There are 2 protein chains.
Amino acid sequence: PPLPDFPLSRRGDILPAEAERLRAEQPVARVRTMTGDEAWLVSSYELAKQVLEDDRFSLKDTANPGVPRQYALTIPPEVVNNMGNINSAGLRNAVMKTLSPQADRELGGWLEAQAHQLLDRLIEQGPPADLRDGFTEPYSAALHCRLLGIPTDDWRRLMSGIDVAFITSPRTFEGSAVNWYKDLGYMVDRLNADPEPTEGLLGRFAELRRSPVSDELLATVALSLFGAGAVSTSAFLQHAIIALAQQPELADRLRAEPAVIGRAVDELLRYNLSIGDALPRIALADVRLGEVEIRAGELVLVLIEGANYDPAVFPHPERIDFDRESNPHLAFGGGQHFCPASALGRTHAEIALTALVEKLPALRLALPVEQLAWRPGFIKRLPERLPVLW
Amino acid sequence: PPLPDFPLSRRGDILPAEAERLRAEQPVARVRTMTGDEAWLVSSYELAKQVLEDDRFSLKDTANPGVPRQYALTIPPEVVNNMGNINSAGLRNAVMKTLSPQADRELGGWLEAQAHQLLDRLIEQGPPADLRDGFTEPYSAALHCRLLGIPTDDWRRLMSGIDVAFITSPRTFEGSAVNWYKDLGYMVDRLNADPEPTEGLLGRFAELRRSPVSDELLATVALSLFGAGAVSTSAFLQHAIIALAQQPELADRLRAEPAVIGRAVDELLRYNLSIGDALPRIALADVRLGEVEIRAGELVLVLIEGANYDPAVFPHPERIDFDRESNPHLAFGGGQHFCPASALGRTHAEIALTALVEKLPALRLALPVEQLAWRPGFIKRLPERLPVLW
Ligand code: HEM
Ligand code: HEM
Ligand SMILES: O=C1N[C@@H](Cc2c[nH]c3ccccc23)C(=O)N[C@H]1Cc1c[nH]c2ccccc12
Ligand SMILES: O=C1N[C@@H](Cc2c[nH]c3ccccc23)C(=O)N[C@H]1Cc1c[nH]c2ccccc12
Ligand SMILES: Nc1nc2[nH]cnc2c(=O)[nH]1
Ligand SMILES: Nc1nc2[nH]cnc2c(=O)[nH]1
């Protein structure tokens with residue numbers, strides 16, 4: 001027989017029909033990834049949660065030489081185990097402090113001013129505008145520059161590094177390594193500036209070195225937090241914007257009841273299709289999952305949108321609903337590798353969307369949603385441009 | 001039977017197989033355009049040249065209400081007849097003077113400095129780089145700002161207007177009009193600045209008004225020359241860059257024999273697939289073309305890549321050849337509507353490519369060519385990003 005192909009459709013404004021078929025017919029399914037390797041794709045909520053919470057399915061080992069892959073590695077293999085290294089070298093406190101919105105008491109107001117500065121610029125020029133290049137991208141880059149303690153002068157160059165680093169390729173491509181060492185050197189340069197960095201992660205790193213871990217490791221943590229955070233928050237915010245543009249009753253709700261923003265972002269997180277690949281794990285032992293015997297060394301892929309649209313857990317999953325009794329979604333993952341920046345991720349989006357619905361109350365797409373250009377060959381699903389009117 | 005669909009593949013680094021099949025099997029072919037309308041697609045060189053040179057096939061009338069269309073009009077219908085209006089209002093001299101590289105004796109050196117400034121910035125940051133956002137786009141925008149006599153401060157906003165204005169849509173979309181009047185107002189504002197514009201097209205327009213045509217018409221000419229010129233030169237240069245990256249022997253030729261740049265750009269023009277739609281005409285009378293009787297009022301579409309790859313006129317058309325005995329290509333069209341800026345278009349590309357092969361002698365793509373993202377739904381074919389190493 002012929003295996004289902006993975007990944008699924010690049011279109012991000014509706015659940016791929018194949019994700020619903022996989023969950024209903026084979027919630028654990030043998031698929032052929034873009035590399036030609038085979039994998040177990042897990043698409044029901046119950047089994048996805050199980051995999052994430054069972055440490056016999058290893059994220060760290062997905063980077064090992066010889067294992068099957070959903071796409072070529074574009075970063076050093078130790079970086080897939082970023083949190084595992086952050087913990088072992090005594091970096092966790094500096095990292096966890098940086099990721100905590102409660103440790104930066106100005107963050108809230110500063111993010112709000114950043115959002116409004118960007119939106120005011122767009123309003124001055126008049127519609128239409130591209131809310132990716134004109135809003136999400138600079139806003140997400142500005143946040144992560146603040147997190148690291150670096151200026152925003154080179155934010156376009158840094159976001160362009162993300163455009164290469166998060167490519168999904170069937171085979172390794174020259175360029176991934178060149179791109180990695182390019183921005184690793186950038187981070188080293190910032191850490192080792194004569195007027196040594198204060199503020200943010202690089203400021204904490206500078207202090208940590210003078211106390212009684214190498215420069216390459218410090219910059220690696222800085223670079224991978226910048227790239228992973230900026231690309232994930234920018235892509236999620238783009239998906240959230242599309243929802244509020246296509247469903248203006250949701251923006252009316254946010255304007256009428258500003259305090260629902262927390263629940264609203266929690267539901268947009270469940271709904272959002274920005275994860276354009278699956279969460280990967282290598283089985284370290286034989287494990288039975290659902291009706292399938294998974295053998296040690298095989299690749300397991302957790303399909304987050306399959307789980308988050310599972311009607312056994314989320315009634316009317318295809319309908320955005322800010323008033324669900326229960327919303328135990330997997331948008332941030334689960335288990336050991338649950339997103340350590342989930343609070344910052346929520347803050348980023350809540351503040352941006354609050355500013356957006358206030359400043360652009362007639363927000364709508366400037367063209368039918370089916371004519372958005374969805375980026376191919378990337379870890380995230382995202383529109384190449386997000387043209388809107390207001 | 002089922003008609004062939006138009007447009008053809010968005011992939012721009014190889015001729016679409018369908019373009020070769022159409023030319024060989026039905027060089028005048030009934031096709032279904034993206035609007036659902038029907039058209040005559042002309043794909044052989046002999047018949048394409050015939051249409052372009054026969055004024056019974058009208059460009060001006062392609063904008064008329066009720067006529068069949070290859071895609072929705074995104075601009076006022078009078079703007080499709082831009083040159084026809086420029087001529088009638090006594091604007092031709094100011095326009096033709098602006099479009100002449102010989103009327104701006106600093107242009108050559110200035111373009112060369114612009115190219116090298118952009119490339120030096122990329123070299124300082126190190127590879128990889130996106131040569132669209134980092135080179136073609138700002139270089140093409142800088143040229144057209146110079147042409148008009150406006151500063152480059154808002155070049156990103158202006159190129160984003162191009163991203164909307166040149167969309168191909170099956171039906172009219174809100175946004176096209178909003179976008180047009182947005183940048184029309186921008187051009188009015190520049191023309192009507194208190195420190196009145198000197199220099200360029202707006203400087204000539206300001207003088208022309210005080211002499212013994214409205215503000216809207218003047219800004220319309222400015223806006224449509226900016227958009228058409230910037231989008232066409234940027235897209236062509238991107239296609240030329242891909243060729244020199246994929247065929248480094250061509251860059252060796254340019255470095256060894258700098259004076260061949262004129263012939264080299266002439267061949268890259270024949271080869272280039274940046275025109276992603278066809279040149280449209282409405283038949284004003286019944287005309288027999290090839291084996292087909294075309295009736296008055298029908299839509300005729302000239303497929304430039306079919307003509308420019310016609311082996312009856314260009315031997316080994318699939319192979320770039322800087323030493324062809326004869327190269328009567330249709331990259332700039334033909335007949336009455338032949339590109340009035342062809343000399344500027346050649347200068348733009350010749351200077352950029354000369355700088356490129358000097359500054360990035362090891363230029364190559366940073367990923368297999370098949371993994372470039374080609375933009376959908378646009379008049380031009382272009383890679384969304386052009387990542388390169390050197
Ligand atoms: C809307 C925003 C975000 C979403 C949807 C998101 C989602 C996720 C998901 C699904 C995982 C689990 C991956 C797996 O299990 O294989 C994860 C892990 C991770 N994310 Fe987030 N992320 C977001 C923002 C951020 C931010 C702001 C940062 C950093 C500044 C960040 C840093 C990380 C790191 C370091 C990990 C790995 C954790 C580990 O391996 O233990 N993320 N994220
Ligand atoms: C590499 C660059 C360029 C290419 C490949 C190109 C190609 C063409 C083609 C194929 C046509 C004929 C359209 C038809 O017959 O329907 C045309 C027309 C035109 N182009 Fe160019 N173009 C380029 C650059 C420019 C520049 C730099 C400008 C302006 C600054 C410009 C302005 C125009 C105008 C106004 C027309 C309409 C002429 C008429 O209707 O009589 N183009 N171009
Ligand atoms: O910290 C990490 N932990 C895991 C899981 C993970 C966290 N955030 C992600 C966002 C997308 C994909 C995977 C992850 C990982 O795989 N790598 C990095 C992040 C990263 C930095 N640059 C990259 C280029 C390519 C892929 C990942 C990264
Ligand atoms: O001057 C023009 N003459 C014709 C032919 C033409 C010249 N250069 C082109 C480049 C692409 C497509 C058509 C043309 C036309 O159609 N319009 C305009 C150009 C233009 C300004 N903005 C636009 C948005 C959309 C489409 C065209 C324009
Ligand atoms: N595999 C994967 N891991 C992530 N961690 C955070 N975001 C993502 C994503 O899109 N894919
Ligand atoms: N139809 C059409 N006309 C043009 N004139 C200049 N460039 C183009 C193009 O790509 N398409």
Side-chain angles (χ1 to χ4, degrees), chain A residues 59-60 62-63 71 73-86 161-162 164-168 176 179-180 183 220-221 223-232 235 275-277 279-280 333 337 339-341 378-380, chain B residues 51-52 57 59-60 62 70-71 79-87 95 98-99 140 143-144 147-148 166 168 201 221 224-237 239-240 265 268-269 272 274-281 301-302 304 330-349 378-381:
Chain A
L59 168 60
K60 138 186 185 290
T62 61
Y71 43 80
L73 209 52
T74 61
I75 56 185
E78 54 270 29
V79 179
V80 171
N81 202 40
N82 192 31
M83 294 300 293
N85 297 331
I86 278 152
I162 280 170
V164 171
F166 292 83
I167 282 176
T168 57
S176 60
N179 185 69
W180 177 259
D183 282 348
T220 289
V221 174
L223 182 53
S224 59
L225 284 180
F226 182 95
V231 79
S232 293
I275 298 173
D277 65 340
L279 307 190
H337 297 295
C339 177
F378 205 61
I379 290 182
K380 302 293 183 180
Chain B
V51 164
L52 298 179
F57 303 104
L59 168 60
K60 138 186 185 290
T62 61
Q70 54 174 342
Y71 43 80
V79 179
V80 171
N81 202 40
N82 192 31
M83 294 300 293
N85 297 331
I86 278 152
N87 293 340
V95 173
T98 301
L99 295 184
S140 302
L143 167 60
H144 289 83
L147 285 193
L148 291 199
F166 292 83
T168 57
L201 188 77
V221 174
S224 59
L225 284 180
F226 182 95
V231 79
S232 293
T233 57
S234 179
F236 167 55
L237 183 54
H239 282 254
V265 165
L268 295 175
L269 278 162
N272 186 340
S274 70
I275 298 173
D277 65 340
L279 307 190
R281 304 280 192 274
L301 297 172
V302 179
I304 293 294
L330 308 183
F332 286 120
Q336 171 190 352
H337 297 295
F338 184 88
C339 177
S342 66
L344 183 56
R346 294 169 183 284
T347 302
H348 170 281
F378 205 61
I379 290 182
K380 302 293 183 180
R381 285 196 189 87

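Protein chains get the first letters and strands the later ones, always in sequence-line order, with residue 1 at the start of each. We count ligands from 1, going down the list as the structure has it; atoms in each ligand are counted the same way.
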Out of B:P340, B:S342, B:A341, the nearest non-hydrogen contact to atom 33 (C) of ligand 2 is supplied by B:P340
Give a yes or no on whether atom 23 (C) of ligand 3 lies under 4.0 Å from any heavy atom of the protein.
yes
Considering heavy atoms of the protein only, find what lies nearest to atom 1 (N) of ligand 6 and give residue, atom and distance to 0.1 Å.
B:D277 OD2, 2.9 Å
Nearest candidate to atom 10 (C) of ligand 2, where distance is taken over non-hydrogen atoms, out of B:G334, B:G345, B:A331
B:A331
Of all the atoms in ligand 3, which lie at a distance below 4.0 Å from a heavy atom belonging to A:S224?
21 (C)
Has B:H348 got any heavy atom lying under 4.0 angstrom from an atom of ligand 2?
no
Distance-only N or O hit between ligand 2 and B:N82, under 3.5 Å:
no
Non-hydrogen atoms of A:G227 versus ligand 3: any pair closer than 4.0 Å?
no
Between B:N272 and B:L268 (side chain of the first, backbone of the second, donor and acceptor by atom type, cut-off under 3.5 Å), is there such a pair?
no
Among B:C339, B:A278, B:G333, closest by any non-hydrogen atom to atom 21 (Fe) of ligand 2:
B:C339
I need the atoms of ligand 2 closer than 4.0 Å to a non-hydrogen atom of B:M83, numbered in the order shown.
35 (C), 37 (C), 38 (C), 39 (C), 40 (O), 41 (O)
re atom 12 (C) of ligand 2, the protein heavy-atom contact at minimum distance is B:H337 O, 3.5 Å
Output yes when a side-chain donor or acceptor of B:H337 lies under 3.5 Å from a complementary backbone atom of B:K60, and no otherwise.
no
Can you tell me which portion of B:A278 lies within the under-4.0 Å heavy-atom range of ligand 6? Options are side chain, backbone, both, or neither.
backbone
Nearest non-hydrogen protein atom, atom 5 (C) of ligand 3
A:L59 CD2, 4.3 Å
Which of the atoms in ligand 3, numbered in the order shown and given with their element, are less than 4.0 Å from a heavy-atom of A:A165?
24 (C), 25 (C)
For atom 9 (C) of ligand 6, find the nearest protein heavy atom and state the residue, atom name and distance (0.1 Å precision).
B:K380 NZ, 3.4 Å
Check ligand 6 against B:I379 and write out every atom of the ligand that is under 4.0 Å from a heavy-atom position of the residue.
9 (C), 10 (O), 11 (N)
Look at atom 15 (O) of ligand 2 and find which of B:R281, B:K60, B:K380 reaches it with the closest heavy atom.
B:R281
Nearest neighbour of atom 4 (C) of ligand 6 from the list B:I275, B:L279, B:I304, on a heavy-atom basis
B:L279
Would B:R346 count as a contact residue for ligand 2, given that I'm defining contact as a non-hydrogen atom of the residue lying under 4.0 Å from a ligand atom?
no
On a heavy-atom basis, I'd like to know which of B:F332, B:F236, B:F57 is closest to atom 6 (C) of ligand 2.
B:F332
Can you tell me if B:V80 contacts ligand 2 (heavy atom of the residue under 4.0 Å from the ligand)?
no
